[PDB]
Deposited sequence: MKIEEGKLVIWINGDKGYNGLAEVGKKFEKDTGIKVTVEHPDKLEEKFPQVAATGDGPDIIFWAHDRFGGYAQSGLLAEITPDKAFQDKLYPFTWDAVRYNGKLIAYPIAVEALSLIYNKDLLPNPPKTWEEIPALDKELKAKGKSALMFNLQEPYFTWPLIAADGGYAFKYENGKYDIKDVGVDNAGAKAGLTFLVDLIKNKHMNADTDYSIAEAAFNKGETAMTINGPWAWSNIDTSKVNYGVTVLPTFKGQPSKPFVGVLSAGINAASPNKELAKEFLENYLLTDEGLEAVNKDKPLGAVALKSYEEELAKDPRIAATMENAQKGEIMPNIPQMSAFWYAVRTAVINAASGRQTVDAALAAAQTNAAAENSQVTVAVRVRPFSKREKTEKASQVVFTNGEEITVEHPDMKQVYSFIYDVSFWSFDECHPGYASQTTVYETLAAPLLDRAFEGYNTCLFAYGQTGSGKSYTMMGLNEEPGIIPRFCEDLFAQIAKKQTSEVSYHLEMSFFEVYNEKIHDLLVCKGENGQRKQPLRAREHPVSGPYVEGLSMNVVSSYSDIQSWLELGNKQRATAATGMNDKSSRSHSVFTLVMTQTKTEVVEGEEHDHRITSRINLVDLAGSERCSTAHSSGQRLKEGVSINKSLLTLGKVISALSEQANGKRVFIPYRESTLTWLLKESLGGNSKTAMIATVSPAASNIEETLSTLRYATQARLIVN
């Protein structure tokens, strides 16, 4: 499997010669969303033996365990440029053969510009000239980092520090000086009207191919269209910046072998000894040009064409495009950086500082727990029957009709149904398993949320607060916390806790530690905050308990809870003249009874607003989960007050968790299924 845009029958020719030498016939096909279908089909132990695609999507298949560990000897590795092998490396395993190589180059109008500039610094001057003569120095696509990054990386920007065939996921080069200088100089071109911020791909292409501008930046795909344009063009090295080369992301067309294929040995023989040779690549190139190639020997032939030469010069000076899931997060962080600094609505420093922290953001998954409580007094009186069960991980709902069985897996399932059961879940168990780690995250400097989700009676309060005979999460957490402060607090580090306790009622904010509506506002770095919310210093749990008593006295009636209570602990961790502060927000949120209890006043507005608010929470949480698995999505924080307020404590580097409580009873099976399905929403 190779692409349709490539040279298929040329590759078939190399297979048509493989049969001759071996006797084994060749499999060359170019089907469909081949890249999108390959993981669909390779996942079930099918697909082709060999797949040809760019290394972009190869990093994923590898993670999915889909490609085999290739095993060329050094002798063979030495035949291709050493940098190309970094493309086809995942989790420190060689997982494909580099084939072709692709990179942005400087493209210029020989007629307008016989001697193109070596140097970015030249362009303003160059431009001033061409504009006086009714033309322009340079137009390229300023909309997307793929194109802008090269200049940005020149003085030292980088996406993820790559060392031991490892990308330090945590080491990002978007904030740094090298990146500031590139973006700054870029932005200046714009400021000084040497380029337009609105310039995208088509404008740029149109302009260059019509003879309106002297220069553009594009990749070999763009050549053909110039050819048709009859514009007299040259393709060359990108300009230096601060005497350092521009660093475009390199795209390596690479050939991997299916982990499923039994032809692993035969495939290797084919790629190494047939395809990857002067003859073998010429066969393909002749059909449809490979651009620059990884095979040193043949590239040297190809680089006779100085356009190709230059794709190579620039690929080598560039950086292999990371095939990791975090690249997305990077792409979008930097896109937004550049858009806003080019706009002038935001300084370079602030743009890139914002982008660093989005590109470097953990995006940890949301932890979902479930707890099934014992039969309530009321349910026993109702002669209630069990409809909820455990099996191993799985919580299973078996409808009385016995046709309907719904099952669910959460990160953890707390089975507190029968105080007996060899896996019964006590209060301590619930704490140690779900919340303790949050406290460890809080101490590491991460913001955290614990949401408590369920219908009235399902055990939210029991779980969160508890009773003197049986203390729930909040009390244990605080006493864990304070005992750890005691431990940790030293002449090196100091701990300070403040506490706010508010509620979201009908999307309004009410402070429970004093009912007037407080206004939400937003800081552009530190995010949403409540204007006029009390922050009471705390020193022990007893302090908090006072406060949570005062607060809960003023929360919500029916006795159902009809607001979302937000218990918050801001903890400042001051070390020392030279003394930083590390801030963790800890939000413990008792959500409102999920009952969609809709029958026959302002009690209704509540219901409406609770359903709406909880739906939005779920949406964002769901978005979070998807985000955490690396896919670009929109997170509707702003769509609900609770979610907007906790924005900075939800995503980013934050640690979010939810405990859904349910009733084991047949009476409640529908709300139980609402809850459990909700909690799945959250993966």
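Note: segments 1-10, 525-532, 577-582, 601-606, 631-633, 717-720 of the deposited sequence have no C-alpha coordinates in the structure.
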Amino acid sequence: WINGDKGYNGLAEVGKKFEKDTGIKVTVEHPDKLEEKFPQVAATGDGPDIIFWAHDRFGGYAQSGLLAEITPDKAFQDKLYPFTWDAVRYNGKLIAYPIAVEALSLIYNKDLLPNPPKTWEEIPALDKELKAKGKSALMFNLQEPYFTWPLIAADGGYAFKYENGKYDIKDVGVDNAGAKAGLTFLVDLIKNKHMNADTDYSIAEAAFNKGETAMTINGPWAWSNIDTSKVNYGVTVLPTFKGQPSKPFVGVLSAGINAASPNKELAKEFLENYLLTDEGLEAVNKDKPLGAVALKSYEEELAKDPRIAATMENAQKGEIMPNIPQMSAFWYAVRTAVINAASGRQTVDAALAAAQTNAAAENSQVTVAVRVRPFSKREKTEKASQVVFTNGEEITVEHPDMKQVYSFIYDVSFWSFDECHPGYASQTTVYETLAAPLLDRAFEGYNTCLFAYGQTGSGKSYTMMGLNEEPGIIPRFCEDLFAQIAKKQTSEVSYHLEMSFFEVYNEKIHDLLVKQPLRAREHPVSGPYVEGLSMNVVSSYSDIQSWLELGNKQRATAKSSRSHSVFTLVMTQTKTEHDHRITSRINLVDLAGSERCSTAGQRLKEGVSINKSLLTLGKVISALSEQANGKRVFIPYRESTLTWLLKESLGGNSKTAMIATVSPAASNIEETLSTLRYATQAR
From here on, numbers count along this sequence of modelled residues.
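Two stretches are in play, 173-181 and 228-236, and the higher mean C-alpha B-factor belongs to 228-236. In this entry, 88-96 shows the higher mean Cα temperature factor of the pair 369-377 and 88-96. Taking only the listed residues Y431, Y505, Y462, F270, the entry reports the highest CA temperature factor at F270. Among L645, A42, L614, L624, the highest C-alpha B-factor in the deposited entry belongs to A42. Ranked within its chain, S105 lands in the middle third, by CA B factor from the PDB record. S649: CA B factor lies in the lowest third for its chain, per the PDB record. In the PDB entry, a CA B factor belonging to the lowest third of its chain's modelled residues is recorded for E398. Sorting the modelled residues of the chain by their CA temperature factor places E163 in the highest third. When the modelled residues of the chain are ordered by their C-alpha B factor, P437 lands in the lowest third.
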